[PDB]
Each structure stands twice: as C-alpha cells, then as structure tokens.
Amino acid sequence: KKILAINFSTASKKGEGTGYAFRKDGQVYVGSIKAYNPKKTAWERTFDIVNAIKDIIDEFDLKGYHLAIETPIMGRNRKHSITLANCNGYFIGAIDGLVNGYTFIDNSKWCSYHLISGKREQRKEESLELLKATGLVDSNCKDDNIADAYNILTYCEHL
C-alpha cells in the first residue's frame, strides 16, 4: 500500500525519462527524471536515474515502500528491448533493499483498469488525460512518463 510506482525508461530518445509517483502523508508526489544524452550509454543514463531516485527516497525519507515497476517487454526493436530489460533490472537491483521488494506491473493490466486502449502512442495521450484531471501537473503537461507512473500507482492502490 506504501508504493513507489516507476515507469522506467533509459531516455534513448529526446524528452523521455523515468517517471515516479508515490503518496506520503496522503499527498501524491509525481515527477520524471529526464536523462537523454547520446554521449552516455543506456547503462550510464540508468546509473544517473538510480541516483536521482535514491535522492528522492532520502528527501522524502521513504521507509518500507514497495516498488511497483512496469514489466519489461519485447518490442519491435530487439536490441533496444534487451538493453531496456537489462537496464530495468539494474534499476531494480540498485534500489531493492531501499525499497521492500518489488512487483512487476504489466502495461496491459494497469492500462485495462484505467480503460487506456489503442496503440502505444495513443495510450500515452490517454494516460496523460488522467494525470491532467488531478491537477498535480499543469494543463500544458505532455509528460507521459509522469502520467504512466501515476496510473500505475492508482492501479496498485486499488489491487
């Protein structure tokens, strides 16, 4: 029930990032770690993303939170998919112990509970629509990493 929700990406494309969401003293906090940098490898960007999340964990002194992280999946691009799966694992291994374990949340599953339907690109705008309603972000927000992490948290808080 004390859940740190993560939508993990290594930010291999511009503007991407790892989204996070959690609730502390009833207040929801959300954000993204924007790590795009072609001078760094996926694993180096991952290291930076780990250290950003560790800094939030210490700032908000999250003790006993459980990681809910979106399951890595094989996509069309095989090498991207294996790199992402490996970096997703690095991220989980680096923070497990700061969190009390973790659970894989299947994209299809949180999406179905929130009625997000259609392809990938369209899921992104549906997820953002839900984030926008809560007014934790402004009406201009185009951060689907943030929106996904939020929707994963709400999925988990129900399940």
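Note that residue numbering follows the sequence shown and begins at 1.
80 to 88 and 67 to 75 differ in mean CA B-factor, and the higher of the two is recorded for 67 to 75. The mean Cα B-factor in the deposited entry runs higher for 23 to 31 than for the other of 38 to 46 and 23 to 31.
Of all the options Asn100, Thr103, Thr134, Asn51, the entry's greatest CA B-factor is assigned to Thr134. Annotation for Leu159: CA B-factor lies in the highest third of the chain's modelled residues. Ranked against the other modelled residues of its chain, the C-alpha B-factor of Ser139 as given in the entry falls in the highest third. For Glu59, the recorded CA B-factor ranks within the middle third of the chain. Only modelled residues enter the ranking.
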